[PDB]
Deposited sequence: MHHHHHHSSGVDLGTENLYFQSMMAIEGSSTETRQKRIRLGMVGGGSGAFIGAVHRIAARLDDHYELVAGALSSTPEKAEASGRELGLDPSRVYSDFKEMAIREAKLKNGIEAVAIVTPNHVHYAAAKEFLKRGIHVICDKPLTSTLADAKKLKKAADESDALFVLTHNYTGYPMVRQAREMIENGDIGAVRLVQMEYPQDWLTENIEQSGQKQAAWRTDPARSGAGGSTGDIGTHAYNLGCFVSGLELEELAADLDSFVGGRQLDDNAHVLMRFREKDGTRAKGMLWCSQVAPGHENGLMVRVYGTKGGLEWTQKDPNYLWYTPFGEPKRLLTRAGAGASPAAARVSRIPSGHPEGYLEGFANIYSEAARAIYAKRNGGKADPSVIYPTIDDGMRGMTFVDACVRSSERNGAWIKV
């Protein structure tokens, strides 16, 4: 197959560098165009910095979808990587015109925009991929499989967290990290959240947005058990760089995974010794392998994870010219995300009331 002609909006900036890495890694893409800043001097510079044909460097995402859709050489797919109050204005321009969009988390900035974009995205024939990179890890996907086959039986408990420390001093945590924890939660567990209760705080004086969240969680009944969970996210917890973690408890055993040591999945069958499952090592399931690149003991990590999303989206894109083993996060996952955030905010404002 011919590499996918890829554009970018936003970037210039870790998150730009990450997406561009994610797309070089498995060599499924070539990055040929970009509107990476709204103020032209900066755009032109950034293109200059990436080696982009200046023919091919814009400063208007709207201008850039119009021309590129005409171009015979035009982009086949676009990574949207603006701040999220702009995800919707941007993606609808490309989806509108048959260009696949690979969008960064969370979906939007408001529930209103989330709903519109779904509609846009649903109307289009172009693919729409949401980049929840953490569902991308081999061991995270193995968990999903294991649980789907009932390796720990009915789910009773889903315990989820995501503390960081970077705002100890000096849109909030629920929307930025909280949603990842939530989405990681449902992805692994196979459950639907039915209702939640949230206590949010902005600890850091001067700060209007929530920088910590405690959330009680009630799940829809699957398999005769009505699962519960909790969720914590925080940006004021010294000692934590990026400690996303998920813990699942069934009627037959448990599964523990920590993003910071991603190559490990802790599996304990009830009545048995806990077993340490490894990426690419024994016990590694099919679903894990399909996104593994190197031998056991040879640490894959965050970028390899992000790339897993770009590679699946690719396998799908090709099939727009589809393998049922291909997974990636959808507009409905992002749909769910925004409902989650809205409801946390509504809850805490209503003093911890249950919301669905």
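Coordinate coverage of the deposited sequence breaks at 1-34, 47-48, 207-226, 378-381, 417, these segments carrying no C-alpha atoms.
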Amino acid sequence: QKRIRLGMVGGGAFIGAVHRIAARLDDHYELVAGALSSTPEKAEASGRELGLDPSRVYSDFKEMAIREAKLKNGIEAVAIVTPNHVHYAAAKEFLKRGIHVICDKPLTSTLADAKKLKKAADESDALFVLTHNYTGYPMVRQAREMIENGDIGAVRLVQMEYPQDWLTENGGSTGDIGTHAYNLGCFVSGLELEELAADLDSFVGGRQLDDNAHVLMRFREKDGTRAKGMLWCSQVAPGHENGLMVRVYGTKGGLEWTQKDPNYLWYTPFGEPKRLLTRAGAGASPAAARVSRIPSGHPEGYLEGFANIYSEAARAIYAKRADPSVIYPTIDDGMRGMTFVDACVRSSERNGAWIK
From here on, numbers count along this sequence of modelled residues.
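Judged by mean Cα B factor in the deposited record, 63-71 ranks above the other of 63-71 and 302-310. As the entry records it, the average C-alpha temperature factor is higher for 204-212, out of 204-212 and 76-84. Taking the deposited Cα B-factors for 285, 242, 179, 135, the highest one is held by 285. Of all the options 258, 124, 174, 159, the entry's greatest CA B-factor is assigned to 124. Residue 273: CA B factor in the lowest third of modelled residues in this chain (values from the PDB entry).
Among all modelled residues in this chain, the alpha-carbon of residue 104 has a temperature factor (C-alpha) in the lowest third.
In the PDB entry, a CA B factor belonging to the lowest third of its chain's modelled residues is recorded for residue 254. Split the chain's modelled residues into thirds by C-alpha temperature factor. Residue 229 is in the lowest one. Annotation for residue 337: C-alpha temperature factor in the lowest third relative to the rest of the modelled chain, per the entry.
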